[PDB]
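Worksheet: one structure, shown below.
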Amino acid sequence: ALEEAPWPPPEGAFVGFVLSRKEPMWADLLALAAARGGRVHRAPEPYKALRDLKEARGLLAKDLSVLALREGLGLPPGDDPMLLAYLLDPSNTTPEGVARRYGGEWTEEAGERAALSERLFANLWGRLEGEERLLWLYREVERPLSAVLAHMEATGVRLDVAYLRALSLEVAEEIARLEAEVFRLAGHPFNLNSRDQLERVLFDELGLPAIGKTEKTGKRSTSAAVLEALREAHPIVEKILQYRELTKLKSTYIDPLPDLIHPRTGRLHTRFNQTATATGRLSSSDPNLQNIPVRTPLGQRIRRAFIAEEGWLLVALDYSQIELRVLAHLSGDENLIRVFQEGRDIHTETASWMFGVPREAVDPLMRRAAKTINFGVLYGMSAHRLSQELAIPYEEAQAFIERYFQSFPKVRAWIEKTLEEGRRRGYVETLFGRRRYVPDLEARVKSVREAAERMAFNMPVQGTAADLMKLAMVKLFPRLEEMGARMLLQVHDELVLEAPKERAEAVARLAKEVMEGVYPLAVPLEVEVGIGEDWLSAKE
DNA sequence: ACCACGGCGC
DNA sequence: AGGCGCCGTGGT
Ligand SMILES: [Mg+2]
Ligand SMILES: [Mg+2]
């Protein structure tokens, strides 16, 4: 019943804190408190009081550690019931949600957050009793990873502001050309960013066929699915798509980046979240690195903005084909495993297995087919979309999917076994036992059920790839710290480091070894490494 | 400002 | 290929 004692707290208290805004690097610490045995201790001066703690334990511990690091304090994050909640069920992604689900309330008062953290931790710890695989993940991956991520977020990355000015101008110049042409074809200016105004132009004024409908507003859609089907019905459609692409790039990944350069540090502090996704993959925000375009040369132009400090270099490491390697491991398909053991081009081999021709006879269009099939099958691409993407009949798409499963029958078996297990147990799991609940496999609606089926056989693969990277980051960090090198960015299956140019080569060698050897699979883990003054130069 | 929403990236 | 972070719009 509310025992309130003075600051400082006994060792092993849980902390609660309130920030002026959600982003710790940019926030003022408004209040700080700790709780132990349900006894709450409120700090009189929060920043001063941070020096009394030896670690941050509690909800959003990593975020307090980032802010402490900004302030020159080494306050590592430790136990956090968010990590436990996320292990129990990855739909647990926010403190508000976790309190709602398991008891208590996420409020705006630091003492209450401290008390909540303590009770939630005990509760969730009990709920994990006997779950040895999740507990292994907590101890070997999640808790130690949180300290790595704190350092990554607090360190940040240098941007090339002169380059971004030049890129901005170039893109602005092309947007203006496209804009003028859309208006010339429409016969009058209008707001190209307004889908409502664009709907009226395309379908009422120009009279084009309206295929699809919006999802909730019930109007004629102007989505790329519609426009693609009309790219010939009128030249304005192609210009709209080009304009949309550039404006999305500019407004998302050019215009906002310089404003994200911190006044104190001179660096951009991408935020990393380890309890955000269905699969266990790390997420980033401000900016979201995952959605920098990867197909287009546009994406490359953004990566070029990320540069090393003067006298340093960036080292970029990528797990080549890790999703397919994991699929090979999980399915045990001996044909797929052989491709990788033999160190062969996986798409050329797939093509040559698929088509029963020698690898020398595989032409680029065949390799493109194999590549699309490889990932189509992984991601649950339909025959209809496959037929669009390769520009072949629908029946030929169907045949090509069946040819793949004939060649890789244990991949077919594994997908069906995985769906059966998910339907039986209500969840699927990764190699390490990270678990995702999949209730909608029972869904009545075809669309919703099929989405659940894709999640069911994607999560084991994606989440194994995720935890391999996360384990590798945990293993690598202490070794980099000792070389005076640092971890900066993680996205997809890639890790970006920064090191003094004198030690960049040795750092690369060390990181490649650690990542390739993180865990033994039925196939080799292969890491592509590059070194450069900017991220584009390092990963090309 | 707040919100839901279309649209789009992965 | 395939839940959500992101942008700008239009409503209040
Ligand atoms: Mg685009
Ligand atoms: Mg929405």
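A, B, ... follow the sequence lines: proteins, then strands. Residue 1 opens every chain. Atom set for the values below is all heavy atoms of this structure, side chains included, hydrogens, waters and symmetry mates excluded.
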### Query
Looking across every strand, which nucleic acid part, if any, lies under 4.0 Å from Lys216(A) by heavy atom: base, sugar-phosphate, or nothing?
sugar-phosphate
### Task
Let me know the distance between OH of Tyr243(A) and P of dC8(B), rounded to the nearest Å.
13 Å
### Task
Determine the minimum heavy-atom distance between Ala351(A) and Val362(A), stating which atoms define it.
CB-CG1, 3.7 Å
### Message
Could you tell me if the side chain of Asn273(A) sits less than 4.5 Å from the side chain of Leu282(A), heavy atoms only?
### Response
no
### Message
Counting only side-chain nitrogens and oxygens, does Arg385(A) get under 4.0 Å of the OP1 or OP2 atom of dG2(C)?
### Response
yes
### Summary
Under a 4.0 Å heavy-atom cutoff, the residues of residues 283-295 of chain A touching DNA chain C are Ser285(A), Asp286(A), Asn288(A), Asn291(A), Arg295(A)
### Message
Starting the side chain at C-beta, find the nucleotide from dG6(B), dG9(B), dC10(B) nearest to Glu215(A).
### Response
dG6(B)
### Heavy-atom pair with the smallest gap, counting every atom of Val377(A) and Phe457(A)
O-CE1, 3.6 Å
#### Entry: Spacing of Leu298(A) atom CG relative to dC6(C) atom P, expressed in whole Å
19 Å
Heteroatom pairs (N/O) under 3.5 angstrom, protein to nucleotides 10-12 of chain C:
{"residue": "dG10(C)", "atom": "OP1", "partner": "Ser194(A)", "partner atom": "OG", "Å": "2.5"}

### Rounded distance (Å) that lies between atom P of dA4(B) and atom NZ of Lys219(A)
18 Å
### Message
Using 0.5 Å steps for rounding, measure from the CZ atom of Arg195(A) to the OG1 atom of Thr222(A).
### Response
5.0 Å
### Task
Grab the CD-P distance between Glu453(A) and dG3(C) for me, whole Å please.
13 Å
#### Entry: Atom pair distance, as rounded to whole Å: CD in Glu323(A) and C1' in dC10(B)
11 Å
### Summary
Among the nucleotides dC7(C), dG7(B), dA1(C), whichever has the atom closest to the side chain of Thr214(A) is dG7(B)
### Query
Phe190(A) has an atom CZ; how far is it from atom P of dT9(C), in whole Å?
13 Å
### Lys248(A) side chain, from C-beta outward: closest of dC10(B), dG7(B), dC7(C)
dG7(B)
### Task
Measure up the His347(A) and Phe375(A) rings against each other and bin them: parallel (under 30°), tilted (30 to 60°), perpendicular (over 60°).
tilted
### Task
Under 4.0 Å between any heavy atoms, over every strand shown, what does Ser221(A) touch: base, sugar-phosphate, or nothing? Just pick one.
sugar-phosphate
### Validation row: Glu494(A), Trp535(A) side chains within 4.5 angstrom (heavy atoms)
yes
### Message
Counting the atoms with a prime plus P, OP1 and OP2 as sugar-phosphate, which does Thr277(A) contact under 4.0 Å by heavy atoms, base, sugar-phosphate, or nothing?
### Response
nothing
### Task
Output yes when at least one side-chain N/O atom of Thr217(A) is less than 4.0 Å from OP1 or OP2 of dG6(B), else no.
yes
### Message
Within 45 degrees of the ring normal and closer than 6.0 Å to the centroid, is that where the cationic atom of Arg304(A) sits relative to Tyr163(A)?
### Response
yes
### Message
Regarding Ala224(A), tell me which of base, sugar-phosphate or nothing describes its non-hydrogen contacts under 4.0 Å with the strands shown.
### Response
sugar-phosphate
Side-chain donor-acceptor contacts of residues 410-421 of chain A below 3.5 Å, not counting sequence neighbours, with atom names and distances?
{"residue": "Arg412(A)", "atom": "NH1", "partner": "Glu402(A)", "partner atom": "OE1", "Å": "3.3"}
{"residue": "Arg412(A)", "atom": "NH1", "partner": "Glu402(A)", "partner atom": "OE2", "Å": "3.4"}
{"residue": "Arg412(A)", "atom": "NH2", "partner": "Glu402(A)", "partner atom": "OE2", "Å": "2.8"}
{"residue": "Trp414(A)", "atom": "NE1", "partner": "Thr418(A)", "partner atom": "OG1", "Å": "3.4"}
{"residue": "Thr418(A)", "atom": "OG1", "partner": "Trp414(A)", "partner atom": "O", "Å": "2.8"}

### Query
When the distance from CG of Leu202(A) to P of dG6(B) is rounded to whole Å, what number comes out?
17 Å
### Task
Can you see which heavy atom on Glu429(A) is nearest to which on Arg133(A), and at what distance?
OE1-NH1, 3.1 Å
### Query
Nearest-Å distance, CG (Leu246(A)) to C1' (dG8(C))?
16 Å
## Note on the structure
Of the listed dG3(C), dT9(C), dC8(B), the closest approach to the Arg436(A) side chain comes from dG3(C)
### Task
Give the minimum heavy-atom separation between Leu164(A) and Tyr253(A), together with the two atoms involved.
CD2-O, 4.4 Å
